[PDB]
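Asks: Going down the list, the sequences are from chains B and E.
Residue numbers are given in the numbering used here: position 20 of the first sequence equals residue 20, and the series is strictly consecutive.
Residue numbers are given in the numbering used here: position 6 of the second sequence equals residue 6, and the series is strictly consecutive.
For every residue, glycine included, the Cβ atom is placed at its ideal position computed from N, Cα and C.
The structure's right below; bear with me while I get my questions together.
2 protein chains.
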Amino acid sequence: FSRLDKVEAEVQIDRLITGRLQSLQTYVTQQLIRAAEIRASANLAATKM
Amino acid sequence: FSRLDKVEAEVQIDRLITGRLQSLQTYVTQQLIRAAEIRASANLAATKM
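See the structure below:
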């Protein structure tokens, strides 16, 4: 921001934020899969209890 | 690489690489879902066994 013009730095910061949102979305999806697996294991543990 | 200079072609190759990684991660996510389903079916098969 302090080195480039706003319209020129807009493309670079757009690339950066697209990468960061992609990484965050992948993390959220992996967390959801792990949560589903833990939910199934908890149901099995509840049946055992 | 042999047609355009290295000060403008990076955008096009960046778009291509990002698209290919997107397709690869979609394949990985589908594989994870099928793995979870096969794991549940295999646990049921073990219980029947």
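The alpha helix (DSSP H) that contains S41(E), what's its start and end?
Replies: What you label residue 41(E) is simply residue 41 of the second sequence in a count that begins at 1. Note, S41(E): alpha helix (DSSP H), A9 to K48.
Asks: Are the Cβ atoms of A40(B) and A40(E) separated by less than 9 Å?
Replies: Within the first sequence, the letter at position 40 stands for residue 40(B). Within the second sequence, the letter at position 40 stands for residue 40(E). Against a cut-off of 9 Å, the Cβ pair of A40(E) and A40(B) comes out as a contact.
Asks: Does DSSP put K6(E) in a helix, in a strand, or in coil?
Replies: In the second sequence, residue 6(E) corresponds to position 6, counting from 1. Looking at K6(E) - three-state DSSP - the assignment turns out to be coil, as it is neither helix nor strand.
Asks: I think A36(E) touches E37(B), with their Cβ atoms under 8 Å apart; what is that distance to the nearest whole Å?
Replies: Taking the second sequence and counting its residues from 1, one reaches residue 36(E) at position 36. Taking the first sequence and counting its residues from 1, one reaches residue 37(B) at position 37. Indeed, because the Cβ distance is near 7 Å, the residues count as touching under 8 Å.
Asks: Between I17(B) and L16(E), what straight-line distance do the alpha-carbon atoms span, to the nearest angstrom?
Replies: The residue you call residue 17(B) lines up with position 17 of the first sequence. The residue you call residue 16(E) lines up with position 16 of the second sequence. Cα-Cα distance, rounded: 18 Å.
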